[PDB]
Amino acid sequence: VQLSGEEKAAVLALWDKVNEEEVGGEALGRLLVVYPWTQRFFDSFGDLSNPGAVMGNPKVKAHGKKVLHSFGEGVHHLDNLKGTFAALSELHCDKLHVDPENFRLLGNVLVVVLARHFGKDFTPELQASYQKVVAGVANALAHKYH
Amino acid sequence: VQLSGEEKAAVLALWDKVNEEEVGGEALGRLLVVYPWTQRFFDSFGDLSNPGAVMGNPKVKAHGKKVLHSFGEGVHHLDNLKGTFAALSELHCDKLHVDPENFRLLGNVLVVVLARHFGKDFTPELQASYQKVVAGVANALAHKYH
Amino acid sequence: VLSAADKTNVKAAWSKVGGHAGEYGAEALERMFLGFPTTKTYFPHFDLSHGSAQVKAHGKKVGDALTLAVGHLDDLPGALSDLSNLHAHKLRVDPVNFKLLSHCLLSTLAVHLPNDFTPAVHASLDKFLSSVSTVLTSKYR
Amino acid sequence: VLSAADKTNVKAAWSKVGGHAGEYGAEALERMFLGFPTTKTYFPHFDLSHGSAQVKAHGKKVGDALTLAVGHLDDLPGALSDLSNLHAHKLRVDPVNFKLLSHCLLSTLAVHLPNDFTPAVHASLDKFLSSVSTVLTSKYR
Ligand code: HEM
Ligand code: HEM
Ligand code: HEM
Ligand code: HEM
C-alpha cells in the first residue's frame with residue numbers, strides 16, 4: 001500500500017531492533033489475556049487460564065515468534081502484502097475459521113507492545129506508520145479469503 | 001470476487017425486481033434511524049430528528065435512490081468491484097471521511113430491507129449470496145482508500 | 001441503554017412474534033450458518049443440513065431465551081446469567097458472532113412481519129439484541 | 001462488566017498515572033489524529049499542529065474526566081451523563097472512534113509506564129475504557 005519513503009525508512013529502522021522472540025511472545029500473550037475468546041483457537045497449547053501461565057507458556061512464546069517473523073516478512077515486503085500472506089490467509093480462513101476482526105485486534109496489541117518496548121522512541125508519527133502497516137497485514141490476511 | 005454461477009444468476013434475477021427508489025429510500029432511512037451517528041453526514045438534508053421526518057424526507061429518498069443505483073452497477077459488475085467503486089471510495093474517504101465500518105452497516109440494512117420487501121422469496125441461501133455481494137461492495141469502497 | 005419507549009416497542013413487537021419465536025430462532029440460525037460460514041465452527045456435534053432437527057430444537061431454545069429476556073428487560077443480567085457463563089466461559093464464543101446472529105434475527109423478523117417491522121421498531125429491536133449480546137459476553141468485559 | 005479485581009487494578013494503575021493524566025490525554029489525542037486521520041473531523045475549530053495549546057487544554061479535560069470515572073467506577077452512568085449527552089447527541093461521534101482513542105490511550109500508558117503496564121493491568125484498563133465508551137455512546141443504544 002505504501003505510505004511514504006521517509007516513512008518506510010523509519011519503519012524499517014525500528015524493525016532492525018525488534019526482538020521477534022520477545023515481542024512476539026508478549027504480543028501473542030497479551031492477545032490471549034485481554035481478548036480471552038481467542039484462547040479457543042489455542043487449546044492444544046495447554047494451560048491458559050491465567051496471566052502468569054499464558055505469558056510463561058513455551059508454546060505461546062514459540063508461536064508468537066513465528067507470527068512476528070511473518071509480520072517481519074510483511075514489513076520487508078510492503079509492495080506486495082497481498083502476495084506475501086496469500087498462503088496464510090487461506091490457512092486462517094478455510095482451515096481455522098478465524099474471524100478477520102481478530103487480525104486487527106492482534107495488530108493493535110502488537111503496536112502496544114512495540115510502544116512498551118521502545119518508549120519515547122516510538123513516536124506518534126511512528127505509530128502512525130505502523131498503524132498503516134498493521135492494517136495492511138490485516139487486510140492481506142483477510143483477502144484471498146474465499 | 002464471484003461466489004458461483006447458479007448464484008450470480010439468482011442475485012441478478014432478484015435485482016430485476018428491485019425498485020431502487022423504494023428500496024434505496026427506506027434503506028438510507030433505516031440507516032439514519034437505527035444508527036443515528038450517521039445523521040452527522042447528512043446535515044444539509046434538514047430535519048432528521050425523528051422516524052417520520054427521516055423516512056418522509058425527499059432528499060433522503062433521492063440520495064437513497066442514487067446509492068441503490070450504484071449498488072446496482074455493483075451487482076452487474078461483480079468481476080470488477082474494485083474498479084466500479086474506485087471514484088466513490090476516494091469521495092467517501094478523502095473528502096467526507098466516513099469510517100468504512102459504516103459501509104458494512106448500510107449493506108446489512110440493505111439486506112434487511114430486501115428481506116422485508118421480498119419475504120419468503122428472499123431465502124436463507126439467497127441472503128447468503130447477497131451477504132457476499134454487500135461485503136464485496138463494502139471492501140471496494142474501503143479500497144483505493146489512501 | 002434501554003429507554004422506556006424501547007421497552008414498550010420491544011414488548012409490543014415480540015407479542016406479534018408470539019408462538020413463532022421458536023421458528024424464527026431456527027430460521028435465523030440457518031441464515032447465519034449459510035451467510036456466515038465461520039459460525040458453523042461452534043457446532044460440530046450438529047447436523048447443519050437444511051431442515052435438521054437439532055437446529056430446530058436449538059432454534060426453540062434461543063427463542064425461549066429471547067422471550068425470557070423480554071419479560072425481564074429491567075434485569076437482563078440476572079435472568080441471563082446461566083447463559084452468560086456458558087457462552088463466554090465454556091464455549092468462548094467470539095463476540096462478533098453475536099452481531100451476526102442479531103442481523104440474521106432482524107432478517108427473519110423482517111421476512112415474516114413486514115408490516116410490523118417499522119423503522120421505529122427495527123431500531124428498538126436492534127438496541128434490545130445489542131443488550132442481550134452484551135450480557136452474554138460480559139464475562140469478557 | 002467490571003469485576004472487583006478489575007476495579008482494584010484500575011484504581012491502582014491510575015494512581016501511578018497520577019498528575020500526568022492530563023499529559024497522557026493530550027499525547028493520546030495526538031496519536032489518534034496522526035494514526036487515524038478520520039477523527040480530525042470532529043475538531044475543525046482546533047489547531048491540530050503537533051504541540052498545540054488546544055489539544056493540550058483538551059487533553060487535560062479528557063484526563064480529568066477519566067480520573068473522575070475511576071473515582072466513580074460503580075456509577076459511571078451517573079458521573080458521566082453531561083458527557084454522554086454531548087458526545088452522542090450534539091457531536092454525534094461515531095462509536096468506532098472510541099475504540100480508536102482507547103487504543104491510543106493504552107499506547108500512551110505503555111510508553112510512559114512500561115513496568116506497571118503488565119498483562120493483568122492492560123486487560124483491566126481495556127475493560128475500563130470499553131465501559132467509559134459504552135456510557136458515552138448510550139444515547140445510541
Ligand atoms: C498478525 C496477524 C497474524 C499473523 C501474521 C499470523 C500468522 C500465523 C502463522 C505464520 C502461523 C503458522 C503458519 C505455518 O507455519 O504453518 C499461524 C498459525 C496459527 N494462527 Fe495465526 N496469525 C495472525 C493472527 C491470528 C489470529 C488473530 C488468530 C486467532 C484465531 C490466529 C490463530 C492461529 C492458529 C490457531 C494457528 C495454528 C497454530 C497451531 O499450529 O496450532 N492467528 N499464524
Ligand atoms: C453501500 C455503500 C455506499 C454506497 C454504494 C454509497 C454511494 C454513494 C454515491 C453514489 C454518492 C453520490 C456520488 C455522486 O454522485 O457524486 C454518495 C454520496 C454520499 N454518501 Fe455514500 N454510499 C455508501 C455509504 C455511505 C455511508 C455509510 C455514508 C455515511 C457517512 C455515506 C455518506 C454519503 C454522503 C454524505 C454523501 C454526499 C451526499 C451529498 O451530496 O450531500 N455513504 N454515496
Ligand atoms: C441472542 C443471542 C444468543 C442467545 C440468546 C443464545 C442462547 C442460547 C441458549 C439458551 C443455549 C442453551 C443451549 C442448550 O441448552 O442446549 C445456547 C447454546 C449454545 N449457543 Fe447460544 N445464544 C446466542 C448466541 C450464540 C452465538 C452467536 C453462538 C456462536 C455462533 C452461540 C453458540 C451456542 C452453542 C455452541 C451452544 C451449545 C449448543 C449445544 O451444545 O447443544 N450462541 N445458546
Ligand atoms: C474516553 C473517551 C472520551 C472521553 C472521556 C471524552 C471526554 C470529553 C470531555 C470531558 C469533553 C469536554 C470538552 C470541553 O468541555 O470543552 C469532550 C469534548 C469533546 N470530545 Fe470527547 N471524550 C472522549 C472521546 C471522544 C472521541 C472518540 C471523540 C471523537 C473522535 C471526541 C470528540 C470530542 C469533541 C469534538 C469535543 C468538543 C471539544 C470542543 O468543542 O471544544 N471525544 N470530550
# chains A, B, ... in the order shown; residues from 1 in each chain; ligands from 1
call {"tool": "residues_near_ligand", "arguments": {"ligand": "ligand 2", "cutoff": "9 Å", "atoms": "only C-alpha atoms and all ligand atoms", "output": "tab-separated table (two decimals) with N, CA and C atoms, in the first residue's frame"}}
result
chain	number	residue	atom	x	y	z
B	28	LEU	N	-31.66	3.86	3.23
B	28	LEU	CA	-30.97	5.05	3.74
B	28	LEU	C	-31.70	5.54	4.99
B	31	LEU	N	-31.06	3.41	7.90
B	31	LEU	CA	-29.70	3.66	8.42
B	31	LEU	C	-29.71	4.83	9.40
B	37	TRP	N	-25.68	8.19	14.47
B	37	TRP	CA	-24.45	8.97	14.31
B	37	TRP	C	-24.16	9.22	12.82
B	38	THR	N	-24.82	8.45	11.98
B	38	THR	CA	-24.68	8.62	10.53
B	38	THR	C	-25.43	9.87	10.06
B	39	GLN	N	-26.31	10.35	10.92
B	39	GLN	CA	-27.05	11.58	10.63
B	39	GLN	C	-26.08	12.76	10.46
B	40	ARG	N	-24.92	12.63	11.06
B	40	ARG	CA	-23.97	13.75	11.12
B	40	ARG	C	-23.55	14.13	9.70
B	41	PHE	N	-23.54	13.15	8.83
B	41	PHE	CA	-23.04	13.35	7.46
B	41	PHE	C	-24.08	13.92	6.50
B	42	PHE	N	-25.32	13.96	6.97
B	42	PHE	CA	-26.43	14.40	6.12
B	42	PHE	C	-27.17	15.62	6.67
B	43	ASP	N	-26.41	16.57	7.18
B	43	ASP	CA	-26.99	17.73	7.87
B	43	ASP	C	-27.67	18.67	6.87
B	44	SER	N	-27.12	18.73	5.68
B	44	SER	CA	-27.67	19.60	4.63
B	44	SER	C	-29.10	19.20	4.25
B	45	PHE	N	-29.46	17.97	4.59
B	45	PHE	CA	-30.81	17.47	4.31
B	45	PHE	C	-31.95	17.98	5.19
B	63	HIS	N	-31.33	10.57	-2.41
B	63	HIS	CA	-29.93	10.14	-2.24
B	63	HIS	C	-29.95	8.62	-2.16
B	64	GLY	N	-31.01	8.09	-1.60
B	64	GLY	CA	-31.11	6.64	-1.37
B	64	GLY	C	-31.14	5.98	-2.75
B	66	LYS	N	-29.90	7.04	-5.37
B	66	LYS	CA	-28.61	7.21	-6.05
B	66	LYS	C	-27.68	6.12	-5.51
B	67	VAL	N	-27.84	5.81	-4.24
B	67	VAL	CA	-26.99	4.80	-3.59
B	67	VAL	C	-27.31	3.41	-4.14
B	68	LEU	N	-28.59	3.13	-4.26
B	68	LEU	CA	-29.04	1.80	-4.67
B	68	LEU	C	-28.77	1.61	-6.17
B	69	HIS	N	-28.63	2.73	-6.86
B	69	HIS	CA	-28.30	2.70	-8.29
B	69	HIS	C	-26.86	2.23	-8.47
B	70	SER	N	-25.99	2.71	-7.60
B	70	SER	CA	-24.56	2.38	-7.69
B	70	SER	C	-24.36	0.96	-7.16
B	71	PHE	N	-25.19	0.59	-6.20
B	71	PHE	CA	-25.19	-0.78	-5.69
B	71	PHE	C	-25.48	-1.65	-6.92
B	72	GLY	N	-26.38	-1.17	-7.75
B	72	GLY	CA	-26.85	-1.96	-8.90
B	72	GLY	C	-25.74	-2.12	-9.94
B	74	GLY	N	-22.82	-2.28	-9.12
B	74	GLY	CA	-22.01	-3.30	-8.45
B	74	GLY	C	-22.49	-4.70	-8.84
B	85	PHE	N	-16.08	1.04	-8.15
B	85	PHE	CA	-16.26	1.93	-6.99
B	85	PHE	C	-15.09	2.85	-6.64
B	87	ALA	N	-13.77	5.61	-7.80
B	87	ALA	CA	-14.03	7.05	-7.71
B	87	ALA	C	-14.77	7.28	-6.39
B	88	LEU	N	-15.68	6.38	-6.10
B	88	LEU	CA	-16.58	6.57	-4.95
B	88	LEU	C	-15.84	6.34	-3.64
B	89	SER	N	-14.82	5.51	-3.70
B	89	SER	CA	-14.05	5.17	-2.49
B	89	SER	C	-13.22	6.39	-2.10
B	91	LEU	N	-14.08	9.49	-2.82
B	91	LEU	CA	-15.03	10.52	-2.38
B	91	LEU	C	-15.36	10.32	-0.90
B	92	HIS	N	-15.58	9.07	-0.53
B	92	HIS	CA	-16.07	8.76	0.82
B	92	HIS	C	-14.95	8.89	1.85
B	96	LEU	N	-15.25	13.06	2.45
B	96	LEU	CA	-16.27	13.01	3.51
B	96	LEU	C	-15.85	12.39	4.84
B	97	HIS	N	-14.80	11.60	4.78
B	97	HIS	CA	-14.26	10.98	6.00
B	97	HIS	C	-15.21	10.04	6.74
B	98	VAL	N	-15.79	9.11	5.99
B	98	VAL	CA	-16.70	8.12	6.58
B	98	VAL	C	-15.82	6.92	6.93
B	99	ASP	N	-15.85	6.54	8.20
B	99	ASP	CA	-15.25	5.27	8.62
B	99	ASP	C	-15.93	4.11	7.90
B	100	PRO	N	-15.13	3.17	7.44
B	100	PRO	CA	-15.61	2.16	6.50
B	100	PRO	C	-16.52	1.15	7.19
B	101	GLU	N	-16.50	1.17	8.50
B	101	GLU	CA	-17.40	0.32	9.29
B	101	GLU	C	-18.85	0.60	8.87
B	102	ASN	N	-19.08	1.81	8.41
B	102	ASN	CA	-20.45	2.27	8.14
B	102	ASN	C	-20.95	1.72	6.80
B	103	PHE	N	-20.02	1.33	5.96
B	103	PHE	CA	-20.37	0.71	4.67
B	103	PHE	C	-21.01	-0.64	4.99
B	104	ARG	N	-20.48	-1.28	6.01
B	104	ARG	CA	-20.93	-2.64	6.36
B	104	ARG	C	-22.34	-2.46	6.92
B	105	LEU	N	-22.52	-1.39	7.67
B	105	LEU	CA	-23.76	-1.19	8.43
B	105	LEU	C	-24.85	-1.00	7.38
B	106	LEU	N	-24.54	-0.18	6.39
B	106	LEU	CA	-25.52	0.12	5.33
B	106	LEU	C	-25.87	-1.08	4.46
B	107	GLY	N	-24.91	-1.95	4.28
B	107	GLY	CA	-25.08	-3.11	3.38
B	107	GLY	C	-25.99	-4.09	4.13
B	110	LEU	N	-29.43	-2.82	4.09
B	110	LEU	CA	-29.91	-3.08	2.72
B	110	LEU	C	-30.49	-4.49	2.65
B	134	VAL	N	-22.61	-7.72	-0.69
B	134	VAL	CA	-22.67	-6.47	0.08
B	134	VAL	C	-21.29	-6.30	0.70
B	137	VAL	N	-18.97	-4.97	-1.96
B	137	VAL	CA	-19.14	-3.55	-2.27
B	137	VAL	C	-18.41	-2.78	-1.17
B	138	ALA	N	-18.59	-3.25	0.05
B	138	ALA	CA	-18.07	-2.53	1.22
B	138	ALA	C	-16.54	-2.50	1.21
B	141	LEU	N	-15.29	-0.13	-1.48
B	141	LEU	CA	-15.47	1.28	-1.13
B	141	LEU	C	-14.46	1.68	-0.05
call {"tool": "residues_near_ligand", "arguments": {"ligand": "ligand 3", "cutoff": "6 Å", "atoms": "only C-alpha atoms and all ligand atoms", "output": "ChimeraX atom specification"}}
result
/C:39,42-43,61-62,65-66,93,97-98,101,133
call {"tool": "write_last_selection", "arguments": {"atoms": "C-alpha atoms", "output": "PDB file, in the first residue's frame"}}
result
ATOM      1  CA  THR C  39     -20.060 -19.734  12.819  1.00  0.00           C
ATOM      2  CA  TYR C  42     -19.225 -23.694  17.353  1.00  0.00           C
ATOM      3  CA  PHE C  43     -21.469 -26.593  16.352  1.00  0.00           C
ATOM      4  CA  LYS C  61     -34.160 -22.723  22.935  1.00  0.00           C
ATOM      5  CA  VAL C  62     -32.941 -19.404  21.541  1.00  0.00           C
ATOM      6  CA  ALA C  65     -34.345 -17.291  25.893  1.00  0.00           C
ATOM      7  CA  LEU C  66     -35.223 -14.140  23.965  1.00  0.00           C
ATOM      8  CA  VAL C  93     -17.844 -17.510  21.582  1.00  0.00           C
ATOM      9  CA  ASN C  97     -20.749 -13.690  16.221  1.00  0.00           C
ATOM     10  CA  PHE C  98     -23.461 -12.053  18.320  1.00  0.00           C
ATOM     11  CA  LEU C 101     -26.825 -13.727  14.726  1.00  0.00           C
ATOM     12  CA  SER C 133     -25.407  -9.775  23.425  1.00  0.00           C
TER      13      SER C 133
END
call {"tool": "interface_residues", "arguments": {"of": "chain A", "to": "chain D", "cutoff": "9 Å", "atoms": "only C-alpha atoms", "output": "NGL selection string"}}
result
:A and (26 or 29-30 or 33-35 or 51-52 or 55 or 108-109 or 111-132)
call {"tool": "write_last_selection", "arguments": {"atoms": "N, CA, C and O atoms", "output": "CSV table (one decimal), in the first residue's frame"}}
result
chain,number,residue,atom,x,y,z
A,26,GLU,N,5.2,-11.8,23.8
A,26,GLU,CA,4.4,-10.9,24.7
A,26,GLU,C,3.1,-10.5,23.9
A,26,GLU,O,2.0,-10.4,24.6
A,29,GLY,N,0.7,-13.2,23.9
A,29,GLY,CA,0.4,-13.5,25.3
A,29,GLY,C,-0.7,-12.4,25.6
A,29,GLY,O,-1.7,-12.7,26.2
A,30,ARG,N,-0.4,-11.2,25.2
A,30,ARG,CA,-1.2,-10.0,25.5
A,30,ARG,C,-2.6,-10.4,24.9
A,30,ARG,O,-3.6,-10.2,25.6
A,33,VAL,N,-4.9,-12.8,26.8
A,33,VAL,CA,-5.3,-12.3,28.1
A,33,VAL,C,-6.3,-11.2,28.1
A,33,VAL,O,-7.2,-11.1,29.0
A,34,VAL,N,-6.2,-10.3,27.1
A,34,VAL,CA,-7.1,-9.2,27.0
A,34,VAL,C,-8.4,-9.6,26.3
A,34,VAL,O,-9.5,-9.4,26.8
A,35,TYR,N,-8.1,-10.3,25.2
A,35,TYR,CA,-9.3,-10.9,24.4
A,35,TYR,C,-9.1,-12.4,24.7
A,35,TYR,O,-8.3,-13.1,24.2
A,51,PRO,N,-3.0,-15.1,33.7
A,51,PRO,CA,-1.9,-14.3,33.1
A,51,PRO,C,-0.5,-14.8,33.2
A,51,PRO,O,0.3,-14.7,32.3
A,52,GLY,N,-0.2,-15.4,34.4
A,52,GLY,CA,1.1,-16.0,34.6
A,52,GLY,C,1.4,-17.2,33.7
A,52,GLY,O,2.5,-17.4,33.2
A,55,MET,N,1.7,-16.2,29.8
A,55,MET,CA,2.9,-15.4,29.4
A,55,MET,C,4.1,-16.3,29.5
A,55,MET,O,5.1,-16.2,28.8
A,108,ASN,N,-3.1,-4.4,16.7
A,108,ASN,CA,-3.2,-3.3,17.7
A,108,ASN,C,-2.4,-3.6,18.9
A,108,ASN,O,-1.7,-2.8,19.5
A,109,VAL,N,-2.5,-4.9,19.4
A,109,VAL,CA,-1.8,-5.3,20.6
A,109,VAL,C,-0.3,-5.2,20.2
A,109,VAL,O,0.5,-4.8,21.1
A,111,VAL,N,1.1,-3.2,18.4
A,111,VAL,CA,1.5,-1.8,18.4
A,111,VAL,C,1.8,-1.4,19.8
A,111,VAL,O,2.7,-0.6,20.1
A,112,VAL,N,1.0,-1.9,20.7
A,112,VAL,CA,1.0,-1.5,22.1
A,112,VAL,C,2.3,-2.1,22.7
A,112,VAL,O,2.9,-1.4,23.6
A,113,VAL,N,2.7,-3.2,22.2
A,113,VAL,CA,3.9,-3.9,22.8
A,113,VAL,C,5.1,-3.2,22.3
A,113,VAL,O,6.1,-3.0,23.1
A,114,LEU,N,5.1,-2.8,21.0
A,114,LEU,CA,6.3,-2.1,20.4
A,114,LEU,C,6.4,-0.8,21.3
A,114,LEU,O,7.5,-0.3,21.5
A,115,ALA,N,5.2,-0.3,21.7
A,115,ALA,CA,5.2,1.0,22.4
A,115,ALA,C,5.9,0.8,23.7
A,115,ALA,O,6.6,1.7,24.2
A,116,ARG,N,5.5,-0.3,24.3
A,116,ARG,CA,6.0,-0.6,25.7
A,116,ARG,C,7.5,-0.8,25.6
A,116,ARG,O,8.3,-0.3,26.6
A,117,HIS,N,8.0,-1.4,24.6
A,117,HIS,CA,9.4,-1.7,24.5
A,117,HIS,C,10.4,-0.6,24.1
A,117,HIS,O,11.5,-0.5,24.5
A,118,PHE,N,9.8,0.3,23.2
A,118,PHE,CA,10.6,1.4,22.7
A,118,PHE,C,10.4,2.8,23.3
A,118,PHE,O,11.2,3.7,23.1
A,119,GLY,N,9.4,2.9,24.1
A,119,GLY,CA,9.1,4.1,24.8
A,119,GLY,C,9.0,5.4,24.0
A,119,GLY,O,8.3,5.4,23.0
A,120,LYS,N,9.8,6.4,24.4
A,120,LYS,CA,9.7,7.7,23.7
A,120,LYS,C,10.2,7.7,22.3
A,120,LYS,O,10.0,8.7,21.6
A,121,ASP,N,10.8,6.6,22.0
A,121,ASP,CA,11.4,6.4,20.6
A,121,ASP,C,10.2,6.0,19.6
A,121,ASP,O,10.4,6.2,18.4
A,122,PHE,N,9.2,5.5,20.2
A,122,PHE,CA,8.0,5.1,19.4
A,122,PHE,C,7.1,6.3,19.4
A,122,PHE,O,6.1,6.4,20.1
A,123,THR,N,7.5,7.3,18.6
A,123,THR,CA,6.7,8.5,18.4
A,123,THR,C,5.3,8.3,17.8
A,123,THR,O,5.0,7.3,17.2
A,124,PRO,N,4.5,9.4,18.0
A,124,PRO,CA,3.1,9.4,17.5
A,124,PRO,C,3.2,9.2,16.0
A,124,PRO,O,2.3,8.5,15.4
A,125,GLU,N,4.2,9.8,15.4
A,125,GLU,CA,4.3,9.8,13.9
A,125,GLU,C,4.8,8.4,13.5
A,125,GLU,O,4.3,7.9,12.4
A,126,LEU,N,5.6,7.8,14.3
A,126,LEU,CA,6.0,6.4,14.0
A,126,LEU,C,4.9,5.3,14.3
A,126,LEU,O,4.9,4.3,13.6
A,127,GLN,N,4.1,5.6,15.2
A,127,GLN,CA,2.9,4.7,15.5
A,127,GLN,C,2.0,4.8,14.3
A,127,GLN,O,1.4,3.9,13.8
A,128,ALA,N,2.0,6.0,13.8
A,128,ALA,CA,1.0,6.4,12.7
A,128,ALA,C,1.4,5.4,11.6
A,128,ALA,O,0.5,4.7,11.0
A,129,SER,N,2.6,5.3,11.3
A,129,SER,CA,3.1,4.5,10.1
A,129,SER,C,2.8,3.0,10.4
A,129,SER,O,2.3,2.3,9.5
A,130,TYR,N,3.1,2.6,11.6
A,130,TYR,CA,2.8,1.1,12.0
A,130,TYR,C,1.4,0.8,12.0
A,130,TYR,O,1.0,-0.4,11.8
A,131,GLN,N,0.5,1.8,12.3
A,131,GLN,CA,-0.9,1.5,12.2
A,131,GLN,C,-1.3,1.2,10.8
A,131,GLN,O,-2.1,0.3,10.5
A,132,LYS,N,-0.6,1.8,9.9
A,132,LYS,CA,-0.8,1.6,8.4
A,132,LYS,C,-0.3,0.2,8.1
A,132,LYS,O,-1.0,-0.6,7.4
call {"tool": "closest_atom_pairs", "arguments": {"of": "chain A", "to": "chain B", "cutoff": "9 Å", "atoms": "only C-alpha atoms", "output": "Markdown table"}}
result
| residue | atom | partner | partner_atom | distance |
| --- | --- | --- | --- | --- |
| A:1 | CA | B:146 | CA | 8.1 |
| A:3 | CA | B:146 | CA | 8.3 |
| A:146 | CA | B:1 | CA | 8.1 |
call {"tool": "interface_residues", "arguments": {"of": "chain D", "to": "chain C", "cutoff": "12 Å", "atoms": "only C-alpha atoms", "output": "PyMOL selection string"}}
result
chain D and resi 1-3+6-7+77+84+123-132+134-141
call {"tool": "write_last_selection", "arguments": {"atoms": "C-alpha atoms", "output": "short mmCIF file (atom, residue, chain, number, x, y, z; two decimals), in the first residue's frame"}}
result
data_model
loop_
_atom_site.label_atom_id
_atom_site.label_comp_id
_atom_site.auth_asym_id
_atom_site.auth_seq_id
_atom_site.Cartn_x
_atom_site.Cartn_y
_atom_site.Cartn_z
CA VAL D 1 -18.85 -5.77 33.31
CA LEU D 2 -16.29 -4.58 35.85
CA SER D 3 -15.30 -7.13 38.49
CA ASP D 6 -10.60 -5.00 37.65
CA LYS D 7 -11.68 -2.09 39.85
CA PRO D 77 -23.65 6.29 34.21
CA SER D 84 -22.85 11.23 27.28
CA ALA D 123 -6.67 -6.17 30.44
CA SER D 124 -8.38 -4.26 33.24
CA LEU D 125 -7.61 -0.92 31.59
CA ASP D 126 -9.13 -2.15 28.32
CA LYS D 127 -12.25 -3.22 30.20
CA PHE D 128 -12.41 0.15 31.96
CA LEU D 129 -12.13 2.15 28.75
CA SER D 130 -14.69 -0.04 27.00
CA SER D 131 -17.04 0.81 29.86
CA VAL D 132 -16.43 4.56 29.67
CA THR D 134 -20.27 2.43 26.35
CA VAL D 135 -21.67 5.10 28.67
CA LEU D 136 -20.54 7.86 26.31
CA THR D 137 -22.47 6.23 23.48
CA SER D 138 -25.52 5.10 25.44
CA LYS D 139 -27.84 7.67 23.87
CA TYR D 140 -27.30 5.37 20.89
CA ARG D 141 -28.20 2.01 22.42
#
call {"tool": "select_by_dssp", "arguments": {"residues": "stretch 6-131 of chain A", "states": "alpha helix (DSSP H)", "output": "PyMOL selection string"}}
result
chain A and resi 6-15+20-34+51-55+58-75+81-84+86-90+101-118+124-131
call {"tool": "residues_around", "arguments": {"residues": "residue C:23", "least_positions_apart": "4", "cutoff": "9 Å", "atoms": "only C-alpha atoms", "output": "count of residues only"}}
result
7
call {"tool": "closest_residue", "arguments": {"among": "A:48, A:9, A:27, A:14", "to": "ligand 1", "atoms": "only C-alpha atoms and all ligand atoms"}}
result
A:27
call {"tool": "residues_around", "arguments": {"residues": "residue D:55", "least_positions_apart": "2", "cutoff": "8 Å", "atoms": "only C-alpha atoms", "output": "PyMOL selection string"}}
result
chain D and resi 26+29-30+46-48+51-53+57-59
call {"tool": "write_last_selection", "arguments": {"atoms": "C-alpha atoms", "output": "short mmCIF file (atom, residue, chain, number, x, y, z; two decimals), in the first residue's frame"}}
result
data_model
loop_
_atom_site.label_atom_id
_atom_site.label_comp_id
_atom_site.auth_asym_id
_atom_site.auth_seq_id
_atom_site.Cartn_x
_atom_site.Cartn_y
_atom_site.Cartn_z
CA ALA D 26 -3.06 15.15 25.11
CA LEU D 29 -5.16 12.73 21.18
CA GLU D 30 -2.07 13.37 19.07
CA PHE D 46 -8.90 23.21 16.58
CA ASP D 47 -5.23 23.82 15.78
CA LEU D 48 -4.08 20.23 15.36
CA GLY D 51 2.45 20.91 20.06
CA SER D 52 -0.75 22.96 20.05
CA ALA D 53 -2.40 24.61 23.05
CA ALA D 57 -6.04 22.00 27.01
CA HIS D 58 -8.40 19.39 25.59
CA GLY D 59 -6.02 16.66 26.70
#
call {"tool": "atom_distance", "arguments": {"atom1": "atom CA of residue B:75", "atom2": "atom CA of residue B:142"}}
result
17.1 Å
